[PDB]
Number of protein chains: 4
Amino acid sequence: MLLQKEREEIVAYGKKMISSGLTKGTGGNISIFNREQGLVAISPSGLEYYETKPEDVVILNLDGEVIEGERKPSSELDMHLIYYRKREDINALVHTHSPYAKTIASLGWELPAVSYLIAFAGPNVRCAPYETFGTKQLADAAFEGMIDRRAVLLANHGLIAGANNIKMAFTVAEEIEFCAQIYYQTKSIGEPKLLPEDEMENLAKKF
Amino acid sequence: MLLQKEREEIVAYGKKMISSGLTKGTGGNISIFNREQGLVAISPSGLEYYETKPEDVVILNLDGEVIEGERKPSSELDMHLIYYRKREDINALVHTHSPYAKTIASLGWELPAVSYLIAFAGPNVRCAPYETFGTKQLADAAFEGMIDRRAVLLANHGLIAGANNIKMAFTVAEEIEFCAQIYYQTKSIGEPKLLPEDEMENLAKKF
Amino acid sequence: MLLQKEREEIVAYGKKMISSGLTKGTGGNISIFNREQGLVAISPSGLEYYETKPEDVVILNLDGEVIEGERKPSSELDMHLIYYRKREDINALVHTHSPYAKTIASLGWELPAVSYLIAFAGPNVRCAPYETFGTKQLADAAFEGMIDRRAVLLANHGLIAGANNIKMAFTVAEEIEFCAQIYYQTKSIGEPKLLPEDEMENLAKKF
Amino acid sequence: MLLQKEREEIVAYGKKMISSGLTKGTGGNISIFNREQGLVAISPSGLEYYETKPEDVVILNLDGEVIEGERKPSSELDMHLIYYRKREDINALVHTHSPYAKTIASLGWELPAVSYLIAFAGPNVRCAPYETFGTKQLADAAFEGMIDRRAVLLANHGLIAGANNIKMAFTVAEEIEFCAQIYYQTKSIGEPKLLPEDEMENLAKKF
Ligand SMILES: [Mn+2]
Ligand SMILES: [Mn+2]
Ligand SMILES: [Mn+2]
Ligand SMILES: [Mn+2]
């Protein structure tokens, strides 16, 4: 099959999404870009992650046309494709429905520098205002909210994280969910101390 | 045995209830309707879900009489039977004692459109006022609270979800518990943004 | 060995304590009374529950003297023995360090009728004021706080539950921890609705 | 290999960190001091705990020079070495990124005597003000914050715990995380009762 390495990685990390508590049911989705071929591997729509085999992963071109695979691709494919067209620094995307990130997103709040781990995404994580799932409007909002960042919150929906490879993309998703938990819990009982912008700059270097 | 497929499904999804954190101990219960025969498979009362075998599932008719099985049927059988008599769009029911739904229910609150996932149930989820467990009064309150919905909260008790089959019924139960977690956490620290009614209408179509 | 059935049950339910999230490390302890012999089986002090074998369980008489076993008995043995001396309706005790019960206990609050499941313990669960762990003062406070109940909260410490056998004692411990979670979460965002005393009386019968 | 017993212990307890929910990803780190040789075993930087083998553990001297091992040592090695130079009562350290401790630390708050379990660390746990991860400034702040204690909170970062051996060090880390959960949850809904200083003195003896 085409993009065999990518296909296996998508199956592996999809199970890891369920396992890590980063999603419920068949929510969320994962993609990996093969920059040499201009091909995108993406999780299939509505399938259980532990029932998903490499053959079930769908291969698309950057026009969004199916090149290999009989499964329907993720309904959120437009939100994946835009990053592989309009930036060149992202080769893998992890979209989650994780509870603490979705909590902060459902308030419409940004995630500020509550932890040094925020630097996995940038100096902060923005919240993109609501757009209907599976639309080009959501794809545009997600991209715009993530400019010069590796993650963005999606209002009343979840989070998407991107990086140079799938290992780092998953790490950003997991560590930003953890940061959202800390922000949620601190705000429950007080006002968290935040790291200053020059330190976030410093941390960007050290990471 | 009668309703063999249904019996196995009830054992499988009952374990999944415990596994998913949707219940504690022997609380909660599951039923599946065979519309062709007018027979209902239901979980047995007070048995551990991982100790429950297909033979332990009880088969009832719509009058509530036992047709096959020696176990006592769920004490909440009346709350199951009413949906198979007074609607025709539900063929499976999942009743849970899950913590975030039970939290919202114990405040006596409705669950509003905090997430697009609410559309699994409808535009919102109502809270039925308290009635004693295992009574016809609770069965009536649950049904009335769930009119034109696929789920309802039960005050100081839990949640019940229904759908055209057991896979979708479980999905509604799990996704509505998740929505209740988001509502609980957002209300802990602020006021969540809610989706407008026309969008919930739109989402009802897209789902 | 003496009380072989009891010894095996203590090992089994001790693992279940760790497994269920009802304790951390070697905290907590379990006892089972053999009323015919006047002998008490109790978990050993400071041992890991998954490393504990039936031979490690200690057998005491009601004077608190070791009858069989070389391990040191639980440091909280006095808090167990008092129930087997001063009541006759309890034959097994589960003492937990579970997070939501310990939360309510550390505020010094009672647990009111927030759920019909409270009836596993009684109309409510009292909070015994603080006494040093492993003392006769704590044993007295626990007993007095649990008069005409099957569970009591221990200020800044945890919970103890008792019943006619070990299966029901564990059930009380688990369901009361769950009720404490509901109380904690409802109080986080509002004021829970409570069940009236006549209904708790009714539920006492139905259980 | 040198410090073989220590190497195996570091691999075992590192997995236990992930398993127990005391860290995310490759965050956190563990060290064990061999006082007879003046050698320190420490977890390797940036490696997955379930992928870490005893050969991957790094052996350092108290000057911070690598003596055996080809992996890069933990980026937080300075924060480990200072305890083995400037005290003589600590032979093992567990550094965690656990959620409730990190919550209290991100408010800049001390952890007071909310539970008798606090005595695993001392009469309270201080919060060291923020310093950049992997620096000598953080090492100094951590040490100073932990004077006459077995644990300290690290602002916007996590916790470190130390004791006479690795079993007790892990226990301090786990029990102090649990105490932080209780403090966080009590503060969410009220004002916890605290144990008086003379009782914490008493508990220091009894432990
Ligand atoms: Mn999504
Ligand atoms: Mn129920
Ligand atoms: Mn205890
Ligand atoms: Mn760290």
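Convention: sequence-line order gives letters A, B, ...; per-chain numbering from 1. Start at 1 and go down the list; that is how both ligands and their atoms are numbered.
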Under-2.8 Å neighbours of the Mn ion (ligand 1), protein N/O/S atoms only:
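Count of protein N, O, S atoms less than 2.8 Å from the Mn ion (ligand 1): 4.
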Could you pull out all residues at least two apart from [X] that satisfy side chain to side chain donor-acceptor pair (under 3.5 Å)?
| X | result |
| --- | --- |
| A/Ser45 | none |
| C/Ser43 | none |
| C/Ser75 | none |

Ring-plane angle category for B/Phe207 and A/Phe133, please: parallel below 30°, perpendicular beyond 60°, tilted otherwise.
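B/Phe207 vs A/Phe133 ring planes: perpendicular.
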Go through the steps for B/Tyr116 and A/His157 under the test ring pair (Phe, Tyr, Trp, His ring centres under 6.0 Å), then give the verdict.
CA-CA 7 Å; B/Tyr116 79 101; A/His157 186 159; 4.7 Å; yes
Atom pair CD (C/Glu76) and CG (C/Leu93), whose distance is rounded to the nearest 0.5 Å:
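These two atoms lie 11.5 Å from each other.
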